[PDB]
Amino acid sequence: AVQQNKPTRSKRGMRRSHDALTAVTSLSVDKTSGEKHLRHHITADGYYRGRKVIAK
Amino acid sequence: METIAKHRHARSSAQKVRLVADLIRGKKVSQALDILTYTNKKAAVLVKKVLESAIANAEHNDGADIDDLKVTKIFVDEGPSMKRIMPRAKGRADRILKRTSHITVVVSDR
Amino acid sequence: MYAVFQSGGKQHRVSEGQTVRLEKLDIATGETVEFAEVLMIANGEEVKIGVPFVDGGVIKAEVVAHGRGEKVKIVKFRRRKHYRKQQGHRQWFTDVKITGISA
Amino acid sequence: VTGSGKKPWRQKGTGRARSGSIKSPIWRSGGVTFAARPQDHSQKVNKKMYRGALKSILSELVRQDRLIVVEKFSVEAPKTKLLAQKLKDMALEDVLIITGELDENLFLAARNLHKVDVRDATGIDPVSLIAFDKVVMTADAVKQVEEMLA
Amino acid sequence: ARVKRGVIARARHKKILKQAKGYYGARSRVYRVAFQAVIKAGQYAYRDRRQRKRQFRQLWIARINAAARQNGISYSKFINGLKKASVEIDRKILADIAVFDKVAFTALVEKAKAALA
Amino acid sequence: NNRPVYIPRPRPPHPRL
Amino acid sequence: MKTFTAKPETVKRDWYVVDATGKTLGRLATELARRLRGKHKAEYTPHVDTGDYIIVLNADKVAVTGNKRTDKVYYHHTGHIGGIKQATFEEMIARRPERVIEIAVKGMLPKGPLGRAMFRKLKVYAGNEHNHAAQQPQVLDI
RNA sequence: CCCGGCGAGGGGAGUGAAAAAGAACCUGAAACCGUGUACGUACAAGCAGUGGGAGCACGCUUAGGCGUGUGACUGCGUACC
RNA sequence: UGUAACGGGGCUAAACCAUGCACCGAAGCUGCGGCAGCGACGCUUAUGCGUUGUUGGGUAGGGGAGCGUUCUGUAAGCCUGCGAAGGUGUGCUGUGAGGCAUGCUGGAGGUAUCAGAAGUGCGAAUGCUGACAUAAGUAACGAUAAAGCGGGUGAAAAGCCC
């Protein structure tokens, strides 16, 4: 239930090797406005597949 | 050029912010900015603000042409910690550490 | 073209015109020393020692330095018996360069 | 040490070392295992031993020519300038003036001179003789020395 | 006359840690563990100053034995022949000769064989 | 840093007699 | 001066062929271990693999004296509740005749990374043919 | 003056002998936590060192080694009180 | 629990008996270099020895000789803003505790030699105080009465206002 010896910083880093995040690196450019956005997501201004969908 | 920029005493823990820092290390500012824009972490907006400040410092206090800038160095160091008392069961007491950190970003054109 | 000789209780194989380090000798740093106790002389032709120390073979050598060796730390420790001891040692050595090897 | 004799915690059950008082020497802010007390460091020296050392010191000063005997040594007025001049022509800078009779005129002249001391034969100590480079004794001062030394 | 031991204590700890340089983990960082590591290294160094002499002796014998057998004689026979022939070359030179000068070793084994016969 | 003012009182689950 | 030490890069390793027909298993194996370790060379170094590549042919024709042909038993454990398995000399020969020779050499070599490295030089074949003719494998009589 | 939320924090400018003296302020050690560089490490078993030791990377005179760092492989070796 | 009653491989001699000659094998003995104690003698006579013999594993413990730290005198002397103490590296040096010179930070104190006095040396005492690790970015975020959407404000709204 509790450790008998404190794990080293080496073991701590080895366990943490799998905690690294991954960049999206998949930013698409809108057909009309040419705004970078996440794939299959509306742009910040409210564009998707060229046509405006939010109108706000 | 050096054009360092740092944000000291960030409330986020050094460990948590350090994951975001490793993402953009060695990359160009243009790719770094939108990488942080679409990273779903609180540390993302802390680091992004520091990176924006570094770019502004280079543009104003140093040479222009920020298009060819890169994040040569970025590191997160543990800062002062605040000690708090949190009651537990059976009348026991334990210490809660509100860990802070310093985020330092260095950009250069070479 | 090399010879084998006994100098300080341990034998050395030295070629012509090379520096060899050996135990301290009672010789000043600027005097030639003789080694007539030549165990073996080697050349294109081979000559051995029917009797030890050949027959007339000698080696001419010049003293160069009389320094001390690297410090060695001697540690004696008895486990659980409250006994620890420290010591240091620097062995004296003599650098000598072989000037000539006879036949 | 200011405090109370109450035990910090119970003898048993607590997970930490047994403690008896907040004032134990191995505790912060209170302790000192062997506290010092005001004591007298003066030690006894036999009268003969004191006299013998003084005789030994005087002899060696004569041997090293560090002792100069002269006639009456006095200053006409209580002025340090006069005393400085009198010692300047004698090539003396660190001297202990020993006179048979203590006169306020000589006492005041040497008061502001650090390197110069004025003393009487009765008030003579071994340290002063050793410390000072040169010792000047008047004829009267010399006589009282044998009488007291015997 | 209170005496503070901060300066002296820090000097002693630095000296031990300097000697513990290169060790792994706390053995090179923590004094309590470094002191044990340094002491143990001292014991091993003293012990291995004697094992080195015997370790090299074994290596020379193995080299001579391989060279002598390549010439057609066992190590024990070869050494016995040298003693009979009154040859005072030690193992260190014999191993050195075998590695570098094959002809010189061939003369030695030939001399040893003659003495035995 | 601070001695727990309260020390819980345990029990003997196992007589071990 | 410093004793000579063989440098692994500058080591020449030869290729030999040993016919294992009518040869005592242990005595043949003992010789193979000596060659693989390199102890037969005047530049032998314990921490360097100075040995030579050895090809063994006709493994299934190896001979054993006495009743070892039927009494010799090879045990190996599979790391399970009761996974202890034993095979006699005949059973091993029928299944994999080369393994017995490899097992004999395996136990006659040092244990460690260097011991495994020199064991990889040995190449045991059951038949009389080998596909290593490109290595100039000179015949070794022993 | 500039980035930032008329923030926090920071980069310039200026003051000063000094701002890694900026008020979280003299000196600023250790544990502990990081970034960079060199070397080693994904078929190898254990007080993690010690003896031997190739290779690699840096410098030195010489052109062979000497030093510094790392250290494959290998003998011996079960902490302290 | 797994061969598990040669240490293993393996051995029909690599087993056992008898004889013999070789070799390996320790910090034992010898060779070479160095240090220290003790007893003698030739001679120095408060010390080297042209020397001689021997000794030098060690707990409890006894005896001898030293290193370093703070303070007092020596010392209103000496070193020091062309840089003290402290900190951090490097290179020499002594059988040892240590010492010396110096690169960078530091910024104004330090102290020879010879004597004197000790709050004079820390790795342990479930030691005391402060700081920082570990488990670990893990458990948990405190009644299973429950939230959804639109608008507003705002740098940012599931929690604020309507």
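Scroll up to find the structure this text is about.
Residues numbered from 1 in each chain as written, not as in the entry; some residues may be left out. Chains lettered and ligands numbered in written order. Part of a larger assembly, values for the part shown. Heavy atoms only, no water.

Chemist: Whenever I open this one, the overall build of chain A confuses me. Can you help?
Modeler: The number of helices and strands found in chain A is one helix and four strands. When the helices and strands of chain A are placed in sequence order, the string is α-β-β-β-β. Taken over the C-alpha trace, chain A has a radius of gyration of 22 Å; the compact-globule value for 56 residues is 10 Å, which it surpasses by more than 25%. With the C-alpha coordinates of chain A rotated into their principal frame, the extents come out at 65 × 20 × 15 Å. For chain A, restricting intrachain contacts to residue pairs at least 6 apart in sequence, the fraction spanning at least 24 positions comes to 0%. (Helix = DSSP H or I, 4+ residues; strand = E, 2+ residues; numbered from the N terminus. Rg over C-alpha atoms; globule rule 2.2 N^0.38 Å. Contact = heavy atoms within 4.5 Å.)

Chemist: Explain the overall build of chain G to me, please; I cannot follow it from the model alone.
Modeler: The helix and strand tally for chain G stands at five helices and six strands. For chain G, the spread of C-alpha atoms along the principal axes amounts to about 55 × 35 × 25 Å. In chain G, which comprises 142 residues, the share counted as buried stands at 41%. Expressed as a percentage of contacts within chain G between residues at least 6 apart in sequence, the contacts between residues at least 24 apart total 67%. Of the roughly 8,500 Å² of accessible surface on chain G, a fraction of 52% belongs to carbon and sulfur atoms. Of the charged side chains in chain G, 25 are positive and 15 negative; the average position of the first set lies 7 Å away from that of the second. (Buried < 20%, exposed > 50% of the residue type's maximum accessible area, 1.4 Å probe, protein only. Areas by Shrake-Rupley, 256 points an atom, 1.4 Å probe, with all protein chains shown as cover. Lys, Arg positive; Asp, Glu negative; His and termini not counted. Charge placed at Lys NZ, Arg CZ, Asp CG, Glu CD.)

Chemist: When you look at the nonpolar core in this model, what are you seeing that I'm missing?
Modeler: For soluble globular proteins, the rule of thumb is that nonpolar side chains tend to be buried together. Residues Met 40 and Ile 59 of chain C together with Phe 78, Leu 94 and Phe 105 of chain E are the most contacted members of the largest nonpolar core, which totals 44 residues. Excluding its chain neighbours within four sequence positions, the residues that come into contact with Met 40 of chain C are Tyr 2, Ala 3, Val 4, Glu 46, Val 47 and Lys 48 of chain C together with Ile 89, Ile 97 and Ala 104 of chain E. Listed in part, the 29 residues of the second largest apolar core include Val 56, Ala 59, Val 62 and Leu 109 of chain G. (Core = buried A, V, L, I, M, F, W, Y, C linked by side-chain atoms within 4.5 Å.)

Chemist: Help me out: how do you make sense of the protein's contact with RNA strand I in this one?
Modeler: Taken together, 85 residues lie near RNA strand I, and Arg 16 of chain A, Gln 36 and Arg 91 of chain E together with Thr 65 and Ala 104 of chain G sit nearest. Counted by atom, the contact set of RNA strand I within 4 Å of the protein is 69% sugar and phosphate. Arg 68 of chain C places a side-chain nitrogen or oxygen 2.7 Å from a phosphate oxygen of RNA strand I. Take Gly 15 of chain D: an N or O atom from its main chain is 2.9 Å from a base oxygen of RNA strand I. Per element, the largest residue contribution to the surface near RNA strand I is ten residues, and it comes from helix α2 (residues 31-71) of chain E. (Near = heavy atom within 4 Å. Polar contact = N/O pair within 3.5 Å; in protein donor to acceptor, adjacent residues only side chain to side chain.)

Chemist: Explanation requested: the sheet that holds strand β5 (residues 38-42) of chain C in the structure shown.
Modeler: The strands that make up a sheet are held in pairs by hydrogen bonds between backbone atoms, and each pair lies either parallel or antiparallel. Taken together, four strands build an open sheet; the order of strands is β2-β1-β5-β6 (chain C) and the sheet is antiparallel. Both outer strands of the open sheet, β2 (11-15) and β6 (46-47) of chain C, are each paired with one neighbouring strand and no more. (Pairing = 2+ DSSP bridges.)

Chemist: I'm lost on the interface of chain C and chain E in this one. Help?
Modeler: Often, the extent of an interface is quoted as the loss of accessible area upon association of its parts. Taken together, the contact pairs 22 residues of chain C with 21 residues of chain E. Looking at the side of chain C facing chain E, the largest losses of area belong to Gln 11, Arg 13 and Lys 48 of chain C, adding up to 30% of the total buried there. There are one salt bridge connecting chain C and chain E. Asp 96 of chain E serves as the salt-bridge partner of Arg 13 of chain C, at 2.6 Å between the closest nitrogen and oxygen. Across the chain C-chain E interface, the total number found is seven residue pairs in polar contact. (Buried area = accessible area lost by both parts, 1.4 Å probe. Salt bridge = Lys/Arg side-chain N within 4 Å of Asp/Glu carboxyl O.)

Chemist: How should I be thinking about the packing of aromatic side chains in this particular structure?
Modeler: Inspection of the entire model under this criterion finds seven aromatic pairs over all chains. Arranged with centres 5.3 Å apart and planes meeting at 35°, the rings of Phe 78 of chain E and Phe 105 of chain E form a pair that is tilted. Linking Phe 78 of chain E in helix α3 (residues 75-84) with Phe 105 of chain E in helix α5 (residues 102-116), this pair joins segments that are 27 residues apart in sequence. Summarising the burial analysis for this pair, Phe 78 of chain E and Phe 105 of chain E share the class buried. Relative to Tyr 53 of chain G, the ring of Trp 15 of chain G lies with its centre 4.6 Å away and its plane at 10°, an arrangement referred to as stacked. Of this pair, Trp 15 of chain G sits in strand β1 (residues 15-19) while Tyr 53 of chain G is found in strand β2 (residues 53-57), placing the two residues 38 residues apart along the sequence. (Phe/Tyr/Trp six-rings, centres within 6.5 Å; stacked < 30°, edge-to-face > 60°.)

Chemist: How should a negative patch on the surface be read in this particular structure?
Modeler: Negative charge collects at one region of the surface, where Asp 65, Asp 67, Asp 68 and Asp 109 of chain B lie side by side. Counting through the fold element by element, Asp 65 of chain B comes out in the loop between α3 (42-61) and β2 (70-87). (Patch = residues over 30% accessible without salt bridge, like charges linked within 9 Å, V, L, I, M, F, W, Y side chains within 5 Å.)

Chemist: What's the story with the environment of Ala 53 of chain D in this structure? I'm lost.
Modeler: All names here are of chain D. Position of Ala 53 among the secondary structure elements: in helix α1 (residues 47-63). Taking the relative accessible area as the measure of exposure, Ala 53 reaches 37% and is therefore partly exposed. Sequence separation between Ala 53 and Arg 111 is 58 residues; the distance between their C-alpha atoms is 28 Å.

Chemist: It is not clear to me how the protein's contact with RNA strand H should be interpreted in this structure. Could you clarify?
Modeler: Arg 12 of chain A, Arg 18 of chain B, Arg 79 of chain C together with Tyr 44 and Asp 48 of chain E are the nearest of the 50 residues found near RNA strand H. If you look at RNA strand H and keep only atoms within 4 Å of the protein, 79% of those are sugar or phosphate atoms. In the model, a sugar or linking oxygen of RNA strand H is placed 3.0 Å from a nitrogen or oxygen of the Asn 61 of chain B side chain. A distance of 2.7 Å separates a phosphate oxygen of RNA strand H from a polar atom in the side chain of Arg 116 of chain G.

Chemist: Sorry if this is basic, but what is going on with the packing of α3 of chain E against α5 of chain E here?
Modeler: The relative placement of two packed helices is expressed as an angle between their axes plus a distance between the axes. Residue and element names in this part refer to chain E. The geometry of α3 relative to α5 is characterised by a closest axis approach of 8 Å and an angle of 75° between their N-to-C directions. By the criterion of interaxial angle, the relationship of α3 to α5 is roughly perpendicular. Residue-level inspection shows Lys 77, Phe 78, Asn 80, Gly 81, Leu 82 and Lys 84 of α3 in contact with α5, the latter providing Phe 105, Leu 108, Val 109, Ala 112, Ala 115 and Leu 116. (Axes fitted to C-alpha atoms, helices over the stretch in contact; angles between N-to-C directions. Parallel < 35°, antiparallel > 145°, perpendicular 65-115°, else oblique.)

Chemist: How do you make sense of the sheet that holds strand β1 (residues 4-10) of chain B when you look at a structure like this?
Modeler: All names here are of chain B. Strand order in the open sheet made by the three strands is β1-β3-β2, with antiparallel pairing throughout. Either end of the sheet is taken by a strand with one partner, and the two such strands are β1 and β2. Adjacent strand axes in the sheet meet at a mean angle of 10°, parallel and antiparallel pairs treated alike. In this sheet, strand β3 (residues 93-108) lies alongside β2 in antiparallel orientation, the contact comprising 14 bridges. Paired with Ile 74 across the bridge in β3 is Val 105. Sheet contacts for helix α1 (residues 14-24): β2 and β3; angle to β2, the most-contacted strand, approximately 165°.

Chemist: Quick question: what am I supposed to make of the pattern of salt bridges here?
Modeler: Opposite charge on two side chains makes pairing possible when the charged atoms of those side chains draw close. Residue and element names in this part refer to chain C. Counted under the stated rule, the structure contains 15 salt bridges over all chains. Where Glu 23 meets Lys 10, a salt bridge forms, and the shortest distance between an N and an O atom there is 3.4 Å. Of this pair, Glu 23 sits in strand β3 (residues 19-23) while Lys 10 sits in the loop between β1 (2-6) and β2, and the two are 13 residues apart along the sequence. Among the salt bridges present, the one from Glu 34 reaches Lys 60, with a minimum N-O distance of 3.2 Å. Pair noted here: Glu 34 is in strand β4 (residues 32-35) and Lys 60 is in strand β7 (residues 59-65), with a separation of 26 residues, a long-range link.

Chemist: Please explain the arrangement of the chains as it appears in this structure.
Modeler: Where seven pairs of chains are in contact, the pair with the most contacts is made of chains C and E. There is no contact between chain B and chain D; across them, the least C-alpha separation is 14 Å. Nothing in chain B touches chain E, and the closest approach of their C-alpha atoms is 20 Å.

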